[PDB]
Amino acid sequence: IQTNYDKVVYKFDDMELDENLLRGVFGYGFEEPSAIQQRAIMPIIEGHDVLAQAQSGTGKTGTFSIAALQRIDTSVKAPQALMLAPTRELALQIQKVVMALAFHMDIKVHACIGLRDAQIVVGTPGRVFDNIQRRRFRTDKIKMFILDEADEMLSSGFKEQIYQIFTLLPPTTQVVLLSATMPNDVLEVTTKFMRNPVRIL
């Protein structure tokens, strides 16, 4: 584990999460934060752009799902977090988890594979870009942009769609990129859209 952020939290109780969220975490079966969640949840909540190389099954989904849910202003009924996955299956799965964690919260999650007042939007690059173009949902309230399995997405030709989505989002959007590998392409998006990112490898 290599990181340029040194805070390590061992219990979800210590992350100062909303209790309704915490209820959902424990309710989901999350007992102890994994290596990755021990280090990445906090910086994401704090607003840092975050780059994390994490293998699947290490608790990636929970990391950005918990941090995103903690950052939602439930009063605002519009997209605040946009999550991009390489496939419709992954996207569907992320929606499953987010909803389970948000069980004790009043949060609307919608998958792009209804959209106007969803607070969390999950989907594939092509579908999301198309819905933005046809103005199916506004992007002015988006505060978080999460790219799950970035190496997968950039290799499937979504690179251009992603670059375009970036430009269409508020210049102040926090960027969270998770990838198992570190292709030169991934480092590229990182240098182009992140500002002094927290790195966890």
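The first residue of the shown sequence is 1; numbering continues from there.
Missing coordinates between residue 113 and residue 114 amount to 10 or more residues of the deposited sequence.
When the C-alpha B-factors of 155-163 and 172-180 are averaged, 155-163 comes out higher. Here 31-39 and 139-147 are compared by their mean Cα B-factor, and 31-39 comes out higher. The PDB entry gives the largest Cα B-factor of the residues 71, 88, 127, 104 to 88.
Ranked within its chain, residue 61 lands in the middle third, by CA B factor from the PDB record.
When all modelled residues of the chain are sorted by CA temperature factor, residue 201 is found within the highest third. Residue 119: CA B factor lies in the lowest third for its chain, per the PDB record. When all modelled residues of the chain are sorted by CA temperature factor, residue 93 is found within the highest third. When the CA B factors of the chain's modelled residues are split into thirds, the value for residue 52 lands in the middle one.
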